[PDB]
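Chain lettering (A, B, C and D) follows the sequence in which the chains are written, and residue indices restart at 1 in each chain.
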Amino acid sequence: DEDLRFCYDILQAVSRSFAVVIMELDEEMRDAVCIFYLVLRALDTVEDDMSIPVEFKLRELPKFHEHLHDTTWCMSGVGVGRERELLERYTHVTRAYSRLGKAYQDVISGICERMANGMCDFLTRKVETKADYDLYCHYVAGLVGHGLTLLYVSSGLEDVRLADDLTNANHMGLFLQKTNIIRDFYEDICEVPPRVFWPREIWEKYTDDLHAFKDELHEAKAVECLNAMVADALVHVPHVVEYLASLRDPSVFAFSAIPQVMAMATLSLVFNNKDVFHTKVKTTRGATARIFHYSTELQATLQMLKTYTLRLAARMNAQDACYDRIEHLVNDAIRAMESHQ
Amino acid sequence: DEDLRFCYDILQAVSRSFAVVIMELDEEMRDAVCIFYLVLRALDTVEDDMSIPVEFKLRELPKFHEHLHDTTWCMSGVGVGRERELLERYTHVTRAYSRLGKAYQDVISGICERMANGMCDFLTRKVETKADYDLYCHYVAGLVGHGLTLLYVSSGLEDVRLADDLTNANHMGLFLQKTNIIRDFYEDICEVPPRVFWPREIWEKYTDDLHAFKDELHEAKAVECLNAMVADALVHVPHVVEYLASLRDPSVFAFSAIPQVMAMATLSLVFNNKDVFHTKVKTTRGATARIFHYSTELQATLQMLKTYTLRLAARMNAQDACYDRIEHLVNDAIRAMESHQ
Amino acid sequence: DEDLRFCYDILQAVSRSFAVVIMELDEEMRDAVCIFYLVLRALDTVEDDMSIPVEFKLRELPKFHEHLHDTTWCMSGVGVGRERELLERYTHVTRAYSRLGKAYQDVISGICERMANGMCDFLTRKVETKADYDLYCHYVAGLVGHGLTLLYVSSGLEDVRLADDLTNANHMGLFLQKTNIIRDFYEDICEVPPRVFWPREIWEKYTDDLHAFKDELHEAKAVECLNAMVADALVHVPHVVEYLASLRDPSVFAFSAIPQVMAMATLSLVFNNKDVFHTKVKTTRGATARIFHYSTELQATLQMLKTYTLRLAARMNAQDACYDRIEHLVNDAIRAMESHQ
Amino acid sequence: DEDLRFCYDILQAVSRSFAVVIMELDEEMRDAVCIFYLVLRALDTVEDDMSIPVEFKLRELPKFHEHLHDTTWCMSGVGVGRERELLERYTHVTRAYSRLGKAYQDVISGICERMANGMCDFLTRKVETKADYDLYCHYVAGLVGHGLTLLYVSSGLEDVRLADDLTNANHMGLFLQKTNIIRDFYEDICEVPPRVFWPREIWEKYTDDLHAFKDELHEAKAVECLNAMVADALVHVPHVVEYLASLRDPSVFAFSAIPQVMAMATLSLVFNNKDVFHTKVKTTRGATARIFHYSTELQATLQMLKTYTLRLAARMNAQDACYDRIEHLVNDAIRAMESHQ
């Protein structure tokens, strides 16, 4: 039992806000989602640990799920901060895992493995094309959508038809990952070594070297690339909407909707905004407090999404290059919203 | 005795051209500049590789010179071709190094570390201004000039007073390095990632983007910039002439003069020549043979420099922006040349 | 209006010729232009009083335009002769200013402000390059060009299309300023302290000390420097031609053409004329009367510019270093002239 | 630790006052400023030895910065007092320097070289004009200002933006050097040879021979000229307060402010005072102890600067030749100050 409490404490420490979002769910769903989070979290620590050998990761990850049974396993010497602990004391995790609906355990193990291997793939090669981009996001966040959607069905709160086609569930994942990948460009490019996520295929058209955007001598082509990333992210909106509109349970909806609304808001703030290149553009807490408050039912979350996407549209002028394209994707989004209002 | 032979063989394989000039010098000093060449070439290769962490270099380069005193040291996998062969078999260099005059050993070591540290500085940032440009060239070539002038004095072949002021020697290095950077513009910008050296302080007056010079459309702006670049290099000629006129030894002179003449000849051909932007402009093998044959004594090499400098001026029109600047810089080169006849 | 009269009376006292040329304008615009002239002349008086400290100029210039809406304002310890009277009685100008259309007041105020700032910048540093030369001329002359153009549009006499690209207008002030700087060399360098406007970037090719041009010893290079300066002013002729041809109003035309024709006449006179280095070269009163008489319509003024341009060219021969440079520029101007015949 | 201790020991022996001020700095920064000071002091010792032939200085000074990489270099026949011990045991400085940190080494290296070249400019000529005076001040003090600012930034204690425009850093240095050159007029001129810093452009308006000011005979003009020198010095105050107002770190602030406040108090005391000509005017120990204690934050140091400027102002009568000009300079200073209160 003190295992469950450990998982929730490490979570509160590892992901501040998500530790609030997860509280929307009922303990049963809550327990699985928390386990699921930590499992993927540990897995993410290994992949990101720059201080250790690659061949080591390739020989580990592929069987990281296997450990979900060995209540004595753990990794002391990996990652930093809380993560390191999560691994060294990874026993409580599996100890909690052990006592979850059989079905839940299968989604976790399943998704974990799939993501692990997926991570390996991109651990060798690099992301240069948009196809690389989307596929990486699939392994990194899309699969979380698959897993969470499979958990929703399993639990019984949502209709099994929801898990039939996971295309939109994938879109939910990607939309969150891309919005975050865009917002954290600077924070990540400053890392040691520098972490880059923007696809070569997109920025190549705006510069010869990514690190160039740090110097505003290149703002022009910096923002212009930013707008192109924001545009590539908007593609998903229409699908996030459908997915949300298909949800029926009040718990699963709020849990699924809040993060999406948070991303749209963030996206409408980093769009056509050079501050992204020298700092972390963030939403105000009032704004997130309001988002967390009204994102409990379809109609209300639709008006918020609309409001944010419209504000993003206001960010530009006819002058701006990306205009015709953004206007397009935006109207494709509002249309999607209107058909559910 | 097998060690030295290895050096001259790899030297021959790498910089085939220089491999002939060095053969000009007497065996004792010849070994010096040979090992000197290789050390800096080894260093340059390390710094070169595009598949190595910046952080690695920024740490390993500044300590490179320390390996010269470790006959066991070598590097495993970096830099294709014969370069690979140097860093792996670097062993034979250190050996040879060990048996050279202490003074020689010190010159090589001093220049090396100063160069490595200069390269490090430019690993993090780019060449944006003329100062940046003159400083970058100083690190990768001007110092080579500093080093060669010290070996000359150390050797007794030249009068100690030669190393009193190393400003002109620095000019010698800069003159070669710039002619090269100018001449290899296309070959360098077509690299991955692109290699850019022309300073923004200069080209920003002719374009907003350097890659624009690859298209015929911008051919007019490309050339004007090329000429501004050629003007910047001519700044050094008077000093080169000064330096050559100060050498008293035939062997050292021929070795110092030949590369300089080759450079002016190349400069007179790339200047105001649009081919620079799609091919590698070079003098005819007959011309270099002619230069190698006669650049053995001051008067002869001065009238060859004069000749090329005059051929250069005859390529521009009274309607080319660079008219005044070039005509001035040219008339200035010739005066310094006439000042020694 | 005791004010509008003081203006014209000081105008005449300060500048005889302009006082005759301004009469080509119709009253409304004439008052505007007269005021405009005095405001800028006041700025000139300050920037030029070498007896007062720079701290004063950098303090007063930037906020000079503010005084325009402050009748009762004046300055009592700056300038000589009438200029000094202008400032100590500036109230007569601001009053008159006040009674002008807002459209006029605004242009005068705008240009005044930007010229002050230009003057403040070149008070902190000196003109070394051609770019500095062109920019300084832009601040003290070209800007006046812009101002007159806006006034012509604001009055309705000229079509608004005139203010689309103020580039040719800038060329207009630049041609007069340069021909003038060229002609006043001796007078300028003889003042206490010496005044210098020829840019180092141009004369550094002929001398190390511009004062050397006063001695016959250096006559040969002085003439070459003068001719290079002329070559530099001839660049603007084609544009002055374009600008003149775009004018539809007879008054604006006469007012704008006469000074340009006077300048060309003068330029043709100082060209390749060693006398520039010891005296003030001028056109005969007969020729300036002929010029004032015919510069009323495009064709006539077009043939006069041609005639002076041909005279200019005729004053040179093969041996002259500048021959090619000059012959090129001449044909370019002739062409633009015939290009409208 | 031994090398570093020798540096602080010689610093205290050689520059008593600065030895105290530097203790306002913390750790890495204090070491770097210490080495910086000694390096410029060693340089200054060589440039000032009159037994050293010019040709040597002209050749050795531009290379001085190069000795920083030579941990065996030193000099033995130059310097007075422990200045000799410094050059004799320079290996301590060079050695301590090698352990500073790339960023610090380059600042020190660059400024040293730039100062060295500037000194050479003035070993061949003398200060005649106001511009010469400023350039000279820039070379010996202004550059220190540039150097200190870079070191602040490189330490991270101040915002990187601080170094975008080093103009005010220059004024900071110039205010100190000028106040100093004024206060020490007599001591300077009373040497063999006599030390003269006051620029001809200023004093020739008051006398034909500068020594004339030692006689209470020419006294009247000595003070009128003294006042002119102070006026020229007050020019920098508004810029000095701008600089101080832009600092965020307490240590860096105290270190930067104390000397400026000392200069203003001294300046307000030497102003319009005949004693400057036969005695070294100083502030009371109590006054200087008060400045050291309160110059810890902006508001308090501004209050003190205000006090000393007004005290300076109130030492002249309306009948003084410098009245109006000093009054304006004073007002410029005070407005500036209020601008930050």
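Definition applied: contacts are C-beta pairs under 8 Å (C-beta built on N, C-alpha and C of every residue); 3 or more make two chains touch, one makes a residue touch a chain.
The chain lineup, named per UniProt: A, B, C, D = Squalene synthase.
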Centroid distance [mean C-alpha coordinates] between chain C and chain A, Å: 65
Chain centre separation (chain B, chain C; CA means) in Å: 49
Chain A and chain B, separation of their C-alpha mean positions in angstrom: 51
Approximate Å spacing (C-alpha centroids) for the pair chain B, chain D: 41
Contact graph of the chains (line, ring, star, complete, other): other
Pairs of chains found to touch, sorted by chain label: A-B, B-C, B-D, C-D
Contact set on chain A toward chain B in their complex: 192-193, 208-209
Residue numbers on chain C that touch chain B, as the complex places them: 202, 204-205, 228, 324-325, 327-328
Residue numbers on chain C that touch chain D, as the complex places them: 53, 55-56, 59, 77
Residues on chain B engaged by chain C in the complex (per definition of touch): 317-319, 323-324, 327-328, 331
Touch list for chain D against partner chain B, complex: 59, 62-63, 69, 102, 106
